[PDB]
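Only one chain is given next, in structure tokens, and it is the form deposited in one PDB entry.
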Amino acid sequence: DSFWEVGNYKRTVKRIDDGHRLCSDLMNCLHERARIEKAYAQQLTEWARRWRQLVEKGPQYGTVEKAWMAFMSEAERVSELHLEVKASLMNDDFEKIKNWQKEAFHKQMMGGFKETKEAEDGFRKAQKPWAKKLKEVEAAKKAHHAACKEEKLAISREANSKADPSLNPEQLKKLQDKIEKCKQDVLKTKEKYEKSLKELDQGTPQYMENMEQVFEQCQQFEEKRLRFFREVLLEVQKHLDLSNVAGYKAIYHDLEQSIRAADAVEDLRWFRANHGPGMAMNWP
């Protein structure tokens, strides 16, 4: 089963479809990654909505409160970033691939892709001849191998009959000339076989040349996809990369500052003035 075996070009043709399917796989892949990012963002948001509420209603006041409260903002900000990845993966990468797909494969009226049919017929036309001059070069192989086994009979039937009491000038003759319609026949086919075999090696270079034709045509098509894949993945890479986004760092620089603004004393001074000895008192 080598590429040259009549009809083994099927693998090359199979690749045109694999191409379209790989396009869909990659879309699903990026889509799944998008749903995941969105899920993380949504959770961070729920957490932020939930704890901003709980902290506000709880007995925590002052700068320590704000400090605590800054994390809800941090959570919400991270969420946004991840929704940007989701957006990028979807509106950019996903749509890009979806369009490349529709622009590279076209439906055949009957069903299937034109570029696949185009390659299928190309390989047929290019192999049609060499194959014909093989179906017979294969049939002339049986006509011979059927004699090189039919000859072992005229020699076998004359050895089994050579030892029998019911022999006659006739029965003994119906085995004599048979070793001719075989011996002189085997050579008769030994030429049929040997001929077409050389009647094939004179068209073999032509056959290879035509197959290279169609094949190169397929490599050109595959090349466009392989290259398109590299371009796309490089963009998806930059989309997922939050490790270099200055905006991401800003979130935490801001977070810290808030946490530092936390001034205990001031919070205590407040409590003394609004709930402690510092309050006004109209004595008796």
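The first residue of the sequence shown is number 1, and the count goes up from there.
- [ ] May I ask you to compare 36-44 and 56-64 by their mean CA B factor in the entry and name the higher one?
- [x] That would be 56-64.
Open item on the list: Quick check: 21-29 versus 264-272, which has the larger average CA B-factor in the record?
Closed with: The recorded data point to 264-272.
Open item on the list: Quiz for you: based on the deposited Cα B-factor, which of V214, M109, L134, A75 is highest?
Closed with: Result of the comparison over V214, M109, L134, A75: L134.
TODO: Tell me, please, which of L81, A163, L89, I97 has the highest C-alpha B factor according to the deposited entry?
DONE: The listed residue with the largest C-alpha B-factor is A163.
- [ ] Within this chain's modelled residues, let me know which third the CA B factor of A104 belongs to: lowest, middle or highest.
- [x] It belongs to the lowest third of the chain when residues are ordered by C-alpha B-factor.
- [ ] Comparing against every modelled residue in the chain, figure out the third that the C-alpha B-factor of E199 lands in (lowest, middle or highest).
- [x] Its C-alpha B-factor belongs to the highest third of this chain's values.
- [ ] Divide the modelled residues of the chain into thirds by Cα B-factor and specify which third, lowest, middle or highest, holds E170.
- [x] Within its chain, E170 is a highest-third residue by C-alpha B-factor, going by the deposited values.
Open item on the list: Split into thirds by Cα B-factor across the chain's modelled residues, where does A119 land: lowest, middle or highest?
Closed with: According to the entry, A119 has a C-alpha B-factor in the chain's middle third.
There is also a form deposited in another entry; it is not shown, and the following applies to it.
Task: At the hinge of two rigid parts that rotate between the shown form and the other one, the residue from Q53, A143, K128, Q43 - done: From the list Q53, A143, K128, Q43, the one at the hinge is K128.
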